[PDB]
Amino acid sequence: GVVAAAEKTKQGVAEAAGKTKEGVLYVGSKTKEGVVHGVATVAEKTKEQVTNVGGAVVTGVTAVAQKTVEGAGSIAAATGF
Amino acid sequence: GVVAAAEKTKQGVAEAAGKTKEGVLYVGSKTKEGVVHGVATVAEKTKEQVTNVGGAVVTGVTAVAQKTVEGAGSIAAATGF
Amino acid sequence: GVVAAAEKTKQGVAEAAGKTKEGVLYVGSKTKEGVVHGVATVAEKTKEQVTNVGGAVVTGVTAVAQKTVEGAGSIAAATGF
Amino acid sequence: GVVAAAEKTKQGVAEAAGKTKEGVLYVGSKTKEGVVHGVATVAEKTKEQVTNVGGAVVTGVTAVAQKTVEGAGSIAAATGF
Amino acid sequence: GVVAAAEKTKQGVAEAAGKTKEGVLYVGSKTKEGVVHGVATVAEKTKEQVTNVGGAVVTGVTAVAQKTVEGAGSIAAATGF
Amino acid sequence: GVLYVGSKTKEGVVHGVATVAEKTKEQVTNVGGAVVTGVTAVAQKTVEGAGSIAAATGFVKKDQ
Amino acid sequence: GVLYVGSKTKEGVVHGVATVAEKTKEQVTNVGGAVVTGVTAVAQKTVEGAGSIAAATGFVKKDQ
Amino acid sequence: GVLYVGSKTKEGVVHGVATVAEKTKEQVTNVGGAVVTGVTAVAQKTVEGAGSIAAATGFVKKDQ
Amino acid sequence: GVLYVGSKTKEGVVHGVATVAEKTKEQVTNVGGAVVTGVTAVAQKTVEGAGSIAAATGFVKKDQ
Amino acid sequence: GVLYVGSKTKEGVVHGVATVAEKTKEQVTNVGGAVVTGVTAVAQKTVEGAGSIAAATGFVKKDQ
């Protein structure tokens, strides 16, 4: 039985809301998931040498965001039967 | 029975809402998932040497966003039977 | 039986709300999950040498955000039968 | 039976709310989960040598955020049958 | 039977709330879970040598945030049958 | 010989101004004055010179 | 010979100004004055010079 | 020979200004004066010079 | 030969200003004066020079 | 030859200013004076020079 009223004014508002459910507001909100940020480096002689044989290798800079409902999520999987 | 009213004014508004469900608002909101950002580097002699044999190798800068419902999500998968 | 009223004014508002459920507000809120941030380095001679054989290797900078409902989540999985 | 009223004013407000449930507000709130931050380093000769054989190795800088409902979450899993 | 009233003023407010349940407010609140922060280092000769065989090794800087409902959460799991 | 490789430089920059107004009742009765109830994002960079107004929003100027 | 490799530089920068107003009743009755009830993000960078107003929002100027 | 590798530099920076106003009743009756009830984020960087106003919000100037 | 590798530098920085106002009744009756009831984040960096106002919010100036 | 590797430096920094006002009744009746009831975060860094006001909020100046 919600009721609002505003009479005999010069400016007037009358808002009436029987039921309300607000919602989510993201205002200027940031969100990082799996992020590499600002990696500086200074060197004179750099050498990277990977020697993989029948396996999984993951090197260097890397950012992985990964959702998996029904699977064996991984970043480097090696298997043998 | 929501009711609103505004009489005998010079300016007037009358809003009436029996039911409301707001929704999501993203206003100026950022979102990063699997991001590599701002990678500086200074060198004089750089050498990268990968020697892969029957395997999975993932080098260098990399950003992976990966959703997988019913599969073995990975970044480098090696397998043998 | 909510009721509001504002009479005989020069400016007037009348708000009436029988029921309310507010919602989530993210205003300028940040959120990091699995983040590598600001990695400096100074060297003269750098050498990285990986020698993987039938296994899983994960080196270098890395940021992993990983949700997994029904799977063996990992970052480096090795298996043998 | 909530009731509000404001009469014979020059400025007036009349708010009436029969029931209210506020919601969560994140205002300028930060949140880090699994973060590596600000890693400096100064060296003259750096050497990293990994020699993995049939196992799981996870080196270097790393940040892992990882939720897992029904799985053996890990960072480096090795197994044999 | 909550009731408010404000009559014969120059400025007036009348708020009436039959029931209220406030909500959580995070205002400028920070939160870290599994964080490595500010790791300095100065060296002349650095050497890291891992020799893993059929096992799990986790070295270097690392930050792990990890929730697991129904699984054997770990950081380095080794198993044999 | 300078070098800029991927460098950034922000001088006089307004960036990321969000704003929301939900169900906000508002009533104004202005008489010969200024009223400002709105967003206003202003940037400016003046190397030199004189009298460089970058924004004059919602004002009343009655000089003599 | 200088070098800038991925460097950043913010001089006079306004960044990330959020604002929300929910169900806020507001009533103003201004008479020959200034009223400001709104967001205002202003940046500025003046190397040299004179009289460089970057923003003059919602004012009343009656000089003589 | 200087070097900047991933360096940052903030000079005169306003950053991350959040604000919320929920169900806030507000009533103003201004007469020939200034009233400010709003967000205001101002940055500035002046190397040299003179009289560099960066923001003059919501004021009343009646000089003589 | 200097080096900056991942260095940071904040000079005159305002950072992270949160604010909430929930159900706050407010009533003002200003007459020829200043009233300020709002957020205000101001930064500034002036190397040299003179008379560099960075923000003059909500004031009343009646000189002679 | 200096080195900065991941160093930080805060000079004149305001950081992390939270504020909440819940159900706060407030009533003001100002007459020719100043009233300030709001947040105010101000930073400043002046190397040298003169007369560098960084913020002049909510005031009344009537000189002669």
# chains A, B, ... in the order shown; residues from 1 in each chain; ligands from 1

call {"tool": "residues_around", "arguments": {"residues": "residue 30 (chain I)", "least_positions_apart": "5", "cutoff": "9 Å", "atoms": "only C-alpha atoms", "output": "MDAnalysis selection string"}}
result
(chainID H and resid 28:35) or (chainID I and resid 35) or (chainID J and resid 28:33)

call {"tool": "residues_around", "arguments": {"residues": "residue 55 (chain A)", "least_positions_apart": "6", "cutoff": "7 Å", "atoms": "only C-alpha atoms", "output": "list in words"}}
result
residues 78 of chain A; 55, 56 and 78 of chain B; 52, 53, 54, 55 and 56 of chain C

call {"tool": "residues_around", "arguments": {"residues": "residue 27 (chain G)", "least_positions_apart": "3", "cutoff": "6 Å", "atoms": "only C-alpha atoms", "output": "ChimeraX atom specification"}}
result
/F:26-28 /H:27

call {"tool": "write_last_selection", "arguments": {"atoms": "N, CA and C atoms", "output": "PDB file, in the first residue's frame"}}
result
ATOM      1  N   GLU F  26      16.613  15.890  -7.445  1.00  0.00           N
ATOM      2  CA  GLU F  26      17.359  17.136  -7.395  1.00  0.00           C
ATOM      3  C   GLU F  26      16.435  18.279  -7.759  1.00  0.00           C
ATOM      4  N   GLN F  27      16.491  19.359  -6.990  1.00  0.00           N
ATOM      5  CA  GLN F  27      15.626  20.501  -7.219  1.00  0.00           C
ATOM      6  C   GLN F  27      16.422  21.767  -6.994  1.00  0.00           C
ATOM      7  N   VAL F  28      16.418  22.651  -7.978  1.00  0.00           N
ATOM      8  CA  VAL F  28      17.193  23.878  -7.927  1.00  0.00           C
ATOM      9  C   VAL F  28      16.262  25.045  -8.197  1.00  0.00           C
TER      10      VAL F  28
ATOM     11  N   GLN H  27      20.124  19.984   1.553  1.00  0.00           N
ATOM     12  CA  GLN H  27      19.319  21.169   1.317  1.00  0.00           C
ATOM     13  C   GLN H  27      20.180  22.393   1.524  1.00  0.00           C
TER      14      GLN H  27
END

call {"tool": "calpha_fit_and_write", "arguments": {"fixed": "chain G", "moving": "chain I", "output": "compact mmCIF listing (two decimals) with N, CA and C atoms, in the first residue's frame"}}
result
# COMPACT_ATOMS: atom_id res chain seq x y z
N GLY I 1 74.02 11.07 -24.16
CA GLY I 1 72.98 10.28 -24.79
C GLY I 1 72.09 9.55 -23.80
N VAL I 2 70.91 10.10 -23.54
CA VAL I 2 70.02 9.50 -22.57
C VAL I 2 69.27 8.36 -23.25
N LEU I 3 68.61 7.52 -22.46
CA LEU I 3 67.73 6.50 -23.00
C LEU I 3 66.48 6.39 -22.14
N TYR I 4 65.34 6.24 -22.79
CA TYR I 4 64.08 5.94 -22.13
C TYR I 4 63.53 4.68 -22.76
N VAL I 5 63.44 3.61 -21.98
CA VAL I 5 63.00 2.32 -22.49
C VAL I 5 61.82 1.89 -21.63
N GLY I 6 60.61 2.12 -22.12
CA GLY I 6 59.45 1.77 -21.34
C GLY I 6 59.18 2.67 -20.16
N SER I 7 59.85 3.81 -20.07
CA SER I 7 59.65 4.70 -18.95
C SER I 7 58.29 5.38 -19.04
N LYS I 8 57.80 5.83 -17.89
CA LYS I 8 56.56 6.58 -17.80
C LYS I 8 56.84 7.91 -17.11
N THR I 9 55.95 8.87 -17.33
CA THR I 9 56.13 10.20 -16.75
C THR I 9 54.78 10.89 -16.71
N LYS I 10 54.25 11.11 -15.52
CA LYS I 10 52.98 11.79 -15.33
C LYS I 10 53.24 13.12 -14.63
N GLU I 11 52.94 14.22 -15.31
CA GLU I 11 53.11 15.55 -14.75
C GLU I 11 51.78 16.28 -14.86
N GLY I 12 51.18 16.59 -13.72
CA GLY I 12 49.89 17.24 -13.72
C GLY I 12 48.81 16.35 -14.29
N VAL I 13 48.56 15.21 -13.68
CA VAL I 13 47.63 14.22 -14.21
C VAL I 13 46.60 13.91 -13.15
N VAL I 14 45.33 13.96 -13.53
CA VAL I 14 44.24 13.45 -12.71
C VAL I 14 43.79 12.14 -13.32
N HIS I 15 43.63 11.12 -12.49
CA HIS I 15 43.50 9.77 -12.99
C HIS I 15 42.58 8.99 -12.07
N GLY I 16 41.57 8.35 -12.65
CA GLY I 16 40.72 7.49 -11.86
C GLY I 16 39.90 8.20 -10.80
N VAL I 17 38.91 8.98 -11.21
CA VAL I 17 38.02 9.66 -10.29
C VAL I 17 36.64 9.03 -10.43
N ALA I 18 36.28 8.16 -9.50
CA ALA I 18 34.97 7.54 -9.50
C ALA I 18 34.04 8.29 -8.57
N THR I 19 32.74 8.14 -8.80
CA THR I 19 31.74 8.83 -8.00
C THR I 19 30.40 8.17 -8.22
N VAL I 20 29.64 8.00 -7.15
CA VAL I 20 28.29 7.46 -7.23
C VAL I 20 27.39 8.31 -6.35
N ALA I 21 26.17 8.52 -6.80
CA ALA I 21 25.14 9.19 -6.02
C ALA I 21 23.87 8.40 -6.20
N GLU I 22 23.40 7.76 -5.14
CA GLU I 22 22.26 6.86 -5.22
C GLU I 22 21.15 7.37 -4.33
N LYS I 23 20.00 7.68 -4.93
CA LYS I 23 18.81 8.12 -4.22
C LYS I 23 19.07 9.37 -3.39
N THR I 24 20.00 10.21 -3.82
CA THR I 24 20.34 11.40 -3.05
C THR I 24 19.38 12.53 -3.36
N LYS I 25 18.48 12.82 -2.42
CA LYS I 25 17.67 14.02 -2.52
C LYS I 25 18.56 15.23 -2.40
N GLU I 26 18.29 16.26 -3.19
CA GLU I 26 19.06 17.48 -3.15
C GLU I 26 18.17 18.65 -3.52
N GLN I 27 18.25 19.73 -2.75
CA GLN I 27 17.42 20.89 -2.98
C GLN I 27 18.25 22.14 -2.77
N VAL I 28 18.26 23.02 -3.75
CA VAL I 28 19.07 24.22 -3.71
C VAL I 28 18.16 25.41 -3.98
N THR I 29 18.43 26.52 -3.29
CA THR I 29 17.75 27.79 -3.55
C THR I 29 18.83 28.86 -3.49
N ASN I 30 19.45 29.12 -4.62
CA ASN I 30 20.56 30.05 -4.70
C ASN I 30 20.06 31.42 -5.12
N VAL I 31 20.61 32.46 -4.51
CA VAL I 31 20.25 33.82 -4.85
C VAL I 31 21.51 34.66 -4.95
N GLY I 32 21.99 34.87 -6.17
CA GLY I 32 23.16 35.70 -6.36
C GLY I 32 24.44 35.14 -5.80
N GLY I 33 24.51 33.83 -5.60
CA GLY I 33 25.72 33.20 -5.12
C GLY I 33 26.04 31.97 -5.95
N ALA I 34 27.14 31.33 -5.61
CA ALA I 34 27.61 30.15 -6.32
C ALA I 34 27.30 28.90 -5.52
N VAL I 35 26.91 27.84 -6.21
CA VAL I 35 26.68 26.54 -5.60
C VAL I 35 27.24 25.49 -6.54
N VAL I 36 28.06 24.59 -6.01
CA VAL I 36 28.67 23.54 -6.82
C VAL I 36 28.48 22.22 -6.10
N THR I 37 27.75 21.30 -6.73
CA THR I 37 27.52 19.99 -6.14
C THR I 37 27.81 18.88 -7.15
N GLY I 38 28.82 19.07 -8.00
CA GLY I 38 29.10 18.11 -9.05
C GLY I 38 30.58 17.78 -9.12
N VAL I 39 30.87 16.67 -9.80
CA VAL I 39 32.25 16.23 -9.96
C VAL I 39 33.02 17.27 -10.76
N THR I 40 34.32 17.36 -10.50
CA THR I 40 35.16 18.30 -11.22
C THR I 40 36.59 17.80 -11.15
N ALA I 41 37.10 17.29 -12.26
CA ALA I 41 38.46 16.79 -12.35
C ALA I 41 39.25 17.71 -13.26
N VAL I 42 40.27 18.35 -12.71
CA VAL I 42 41.05 19.34 -13.44
C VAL I 42 42.52 18.99 -13.35
N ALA I 43 43.20 19.01 -14.48
CA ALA I 43 44.64 18.87 -14.52
C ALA I 43 45.23 20.09 -15.19
N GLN I 44 46.52 20.31 -15.00
CA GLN I 44 47.15 21.47 -15.60
C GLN I 44 48.65 21.32 -15.54
N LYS I 45 49.34 21.82 -16.56
CA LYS I 45 50.79 21.91 -16.54
C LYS I 45 51.18 23.14 -17.33
N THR I 46 51.69 24.15 -16.65
CA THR I 46 52.10 25.39 -17.29
C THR I 46 53.60 25.54 -17.13
N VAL I 47 54.33 25.52 -18.24
CA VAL I 47 55.78 25.66 -18.16
C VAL I 47 56.15 27.03 -17.62
N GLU I 48 55.62 28.09 -18.22
CA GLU I 48 55.81 29.43 -17.69
C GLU I 48 54.71 30.32 -18.25
N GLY I 49 54.88 31.63 -18.11
CA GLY I 49 53.87 32.55 -18.57
C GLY I 49 53.12 33.21 -17.43
N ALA I 50 51.85 33.54 -17.64
CA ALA I 50 51.10 34.27 -16.63
C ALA I 50 49.61 34.02 -16.80
N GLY I 51 48.89 34.16 -15.69
CA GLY I 51 47.44 34.18 -15.67
C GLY I 51 46.74 33.08 -16.43
N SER I 52 47.12 31.83 -16.21
CA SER I 52 46.57 30.71 -16.97
C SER I 52 45.59 29.95 -16.08
N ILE I 53 44.34 30.39 -16.06
CA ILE I 53 43.29 29.70 -15.32
C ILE I 53 42.94 28.45 -16.10
N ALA I 54 42.89 27.31 -15.41
CA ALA I 54 42.57 26.07 -16.11
C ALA I 54 41.10 25.73 -16.03
N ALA I 55 40.41 26.19 -14.99
CA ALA I 55 38.99 25.94 -14.88
C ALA I 55 38.41 26.94 -13.90
N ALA I 56 37.33 27.59 -14.30
CA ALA I 56 36.61 28.50 -13.43
C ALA I 56 35.14 28.11 -13.48
N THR I 57 34.78 27.14 -12.66
CA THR I 57 33.46 26.54 -12.71
C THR I 57 32.54 27.17 -11.68
N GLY I 58 31.31 27.44 -12.11
CA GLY I 58 30.26 27.83 -11.19
C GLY I 58 30.58 29.00 -10.30
N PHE I 59 30.82 30.17 -10.87
CA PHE I 59 31.19 31.32 -10.07
C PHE I 59 30.35 32.53 -10.43
N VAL I 60 30.49 33.59 -9.66
CA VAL I 60 29.82 34.86 -9.90
C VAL I 60 30.85 35.95 -9.71
N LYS I 61 31.18 36.65 -10.78
CA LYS I 61 32.19 37.70 -10.75
C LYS I 61 31.51 39.02 -11.06
N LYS I 62 31.51 39.93 -10.09
CA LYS I 62 30.94 41.26 -10.27
C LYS I 62 31.99 42.26 -9.79
N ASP I 63 32.92 42.60 -10.67
CA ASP I 63 34.03 43.48 -10.32
C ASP I 63 33.63 44.94 -10.43
N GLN I 64 34.57 45.82 -10.09
CA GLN I 64 34.37 47.25 -10.22
C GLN I 64 35.71 47.97 -10.36

call {"tool": "residues_around", "arguments": {"residues": "residue 12 (chain C)", "least_positions_apart": "6", "cutoff": "8 Å", "atoms": "only C-alpha atoms", "output": "number ranges by chain"}}
result
A: 6, 9, 11-13; C: 6; D: 11-13

call {"tool": "atom_distance", "arguments": {"atom1": "CA of residue 60 (chain D)", "atom2": "CA of residue 71 (chain E)"}}
result
26.2 Å

call {"tool": "atom_distance", "arguments": {"atom1": "CA of residue 28 (chain E)", "atom2": "CA of residue 20 (chain A)"}}
result
28.1 Å

call {"tool": "residues_around", "arguments": {"residues": "residue 15 (chain D)", "least_positions_apart": "4", "cutoff": "8 Å", "atoms": "only C-alpha atoms", "output": "ChimeraX atom specification"}}
result
/C:4,14-16 /D:4 /E:14-16

call {"tool": "interface_residues", "arguments": {"of": "chain C", "to": "chain B", "cutoff": "8 Å", "atoms": "only C-alpha atoms", "output": "ChimeraX atom specification"}}
result
/C:63-65
